[PDB]
Structures are given as structure tokens and as C-alpha cells.
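Before any comments, here is the structure.
2 protein chains.
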Amino acid sequence: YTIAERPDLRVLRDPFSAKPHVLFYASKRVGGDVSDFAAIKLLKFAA
Amino acid sequence: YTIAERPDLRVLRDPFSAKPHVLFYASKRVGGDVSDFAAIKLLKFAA
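Residue numbers (this note's numbering), protein chains in the order written: chain A, 12 to 58; chain B, 12 to 58.
Right, dumping it as C-alpha cells:
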């Protein structure tokens, strides 16, 4: 499994949209799927 | 009578909320009621 990501947490406080509040907008971006299909085995329970 | 206040007026102007406008927002916070009921006497005009 290979995980790709940006190593931060972009926070943007928004005193404008919801006016008497602050509305912090934090967003980390991360992705990833299996890269080596031979390196993972599973246990299915059926038969 | 005790006045509790934050000795500043906080201003916030958002060109972003409604774009063609500015929407100045200015606020201060204050509060207070009586602290010594024995130090304020009134004059009712009834009896």
C-alpha cells in the first residue's frame, strides 16, 4: 500500500461568511491505493 | 451600579460577503447591573 499526501494542515479562519462566528476551514489532502497486489492476502469467510 | 466592559471597539469589514458592497461590521461588548442595592433610591410618583 502506497500513501501519498501533503504533510501539513491548511487552516483558513473565515470571520466573513458566518458573521458573528469564525468558521475555521481546515483541509488535509491525502490519497493512496495498493501498489503491489502480490503483497496483500485476505481472508474471505465464505467457502 | 457596576459596568463591565471590554475597553475596545472591534471592527471588521468584509468585501467578500457581498462583493459589490463592503458591509462594515463594528461591535463592542458591555454589561452591568446593580452591585449594591442600598446605594440607589428611586422616587415613585404614585402614592
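Positions of the beta carbon are idealized from the N, C-alpha and C atoms, including for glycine.
Each of B/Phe35, B/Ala15, B/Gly42, B/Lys30 was checked against the Cα of B/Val22, and the nearest Cα belongs to B/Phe35.
Proximity of the region 27-34 of chain A to the region 47-55 of chain A falls short of the contact definition, fewer than three beta-carbon pairs being nearer than 8 Å. Going by DSSP, A/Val22 is part of the beta strand (DSSP E) stretching over 21-23.
Within the region 18-43 of chain A, the residues whose Cβ lies closer than 8 Å to any Cβ of chain B are, in chain order, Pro26, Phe27, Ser28, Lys30. Its chain contains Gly42, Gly43 as the residues whose beta carbon lies nearer than 6 Å to that of A/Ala15, once the 5 sequence neighbours on both sides are disregarded; these appear in chain order. Within the same chain, Cβ atoms closer than 8 Å to the Cβ of B/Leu20 are found at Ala37, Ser38, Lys39, the five residues on either side in sequence being excluded. In the three-state scheme derived from DSSP, where H, G and I count as helix and E and B as strand, A/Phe27 is classed as coil.
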